[PDB]
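Below is protein_1.txt, holding compact mmCIF, C-alpha atoms.
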```
# COMPACT_ATOMS: atom_id res chain seq x y z
CA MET Q 1 68.60 8.17 -26.11
CA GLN Q 2 70.12 8.91 -29.53
CA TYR Q 3 67.51 7.93 -32.14
CA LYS Q 4 68.39 7.89 -35.84
CA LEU Q 5 66.42 8.81 -38.99
CA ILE Q 6 67.19 7.44 -42.47
CA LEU Q 7 65.78 9.29 -45.49
CA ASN Q 8 65.24 7.67 -48.89
CA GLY Q 9 63.88 9.90 -51.63
CA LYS Q 10 64.72 12.59 -54.12
CA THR Q 11 63.57 15.66 -52.17
CA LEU Q 12 65.76 14.57 -49.24
CA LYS Q 13 68.23 11.75 -48.70
CA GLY Q 14 70.77 10.68 -46.10
CA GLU Q 15 70.92 10.36 -42.29
CA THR Q 16 70.27 12.47 -39.20
CA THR Q 17 70.04 11.87 -35.45
CA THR Q 18 68.23 13.34 -32.44
CA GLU Q 19 68.63 13.13 -28.67
CA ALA Q 20 65.11 12.46 -27.39
CA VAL Q 21 63.94 10.88 -24.17
CA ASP Q 22 61.75 8.24 -25.87
CA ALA Q 23 60.39 7.07 -29.23
CA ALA Q 24 57.15 9.09 -29.14
CA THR Q 25 58.92 12.42 -28.86
CA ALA Q 26 61.57 11.39 -31.42
CA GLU Q 27 58.72 10.62 -33.82
CA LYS Q 28 57.06 14.02 -33.53
CA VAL Q 29 60.41 15.71 -34.14
CA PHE Q 30 61.55 13.69 -37.15
CA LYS Q 31 58.12 14.13 -38.79
CA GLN Q 32 58.47 17.86 -38.09
CA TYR Q 33 61.94 17.74 -39.65
CA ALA Q 34 60.46 16.00 -42.70
CA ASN Q 35 57.67 18.52 -43.22
CA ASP Q 36 60.24 21.34 -42.93
CA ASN Q 37 62.06 19.96 -45.98
CA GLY Q 38 59.14 18.81 -48.17
CA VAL Q 39 59.15 15.05 -47.46
CA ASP Q 40 55.94 12.98 -47.85
CA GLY Q 41 56.26 9.22 -47.51
CA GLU Q 42 55.86 5.97 -45.56
CA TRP Q 43 57.38 5.44 -42.08
CA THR Q 44 58.85 2.40 -40.32
CA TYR Q 45 60.24 2.28 -36.77
CA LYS Q 46 62.66 -0.29 -35.37
CA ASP Q 47 62.74 -0.34 -31.56
CA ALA Q 48 65.77 -2.67 -31.62
CA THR Q 49 68.26 -0.17 -33.13
CA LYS Q 50 66.18 2.92 -32.14
CA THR Q 51 65.92 3.86 -35.79
CA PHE Q 52 63.31 5.54 -38.00
CA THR Q 53 63.15 5.20 -41.81
CA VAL Q 54 61.08 7.24 -44.27
CA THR Q 55 60.98 6.54 -48.01
CA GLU Q 56 59.37 8.83 -50.55
```

Using the file provided, produce a representation of the structure as structure tokens.
Amino acid sequence: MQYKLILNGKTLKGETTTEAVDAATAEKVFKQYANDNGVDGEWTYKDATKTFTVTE
């Protein structure tokens, strides 16, 4: 499924997607994508719109 990630912060902001087979994999990959770009923050997940949010 296409999961989404929303980024709120100053180091990084905007939206990005990933095709992952479930929400555990999608979570390892988005958190990898955040560490790549310097992002440290708090995470929510919303199984109803398959969407992750991280806010710095």

**Request:** Please indicate the distance in Å from CA of residue 21 (chain Q) to CA of residue 1 (chain Q), rounded to one decimal place.
**Result:** 5.7 Å

**Asked** Which of these, Q:26, Q:8, Q:17, Q:32, has the shortest distance to residue 45 (chain Q) once you count only C-alpha atoms?
**Response** Q:26

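Ranking Q:41, Q:20, Q:14, Q:54 by their shortest atom-to-atom distance to residue 2 (chain Q), with all atoms listed in the file included, puts Q:20 first.
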
**Asked** Which distance in Å separates CA of residue 7 (chain Q) and CA of residue 22 (chain Q), to one decimal?
**Response**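 Those two atoms sit 20.1 Å apart.
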
**Message:** So the first atom is CA of residue 4 (chain Q) and the second is CA of residue 38 (chain Q); what is the distance between them in Å, to one decimal place?
**Reply:**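 So the answer is 18.9 Å.
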
**Request:** Compare Q:31, Q:36, Q:13, Q:3 by their minimum atom-to-atom distance to residue 56 (chain Q), counting only C-alpha atoms, and give me the closest one.
**Result:**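 Ranked by minimum distance to residue 56 (chain Q), first place goes to Q:13.
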
**Request:** Would you please work out which residue, of Q:27, Q:50, Q:37, Q:43, is nearest to residue 10 (chain Q) when using all atoms listed in the file?
**Result:**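 Nearest candidate to residue 10 (chain Q) out of Q:27, Q:50, Q:37, Q:43: Q:37.
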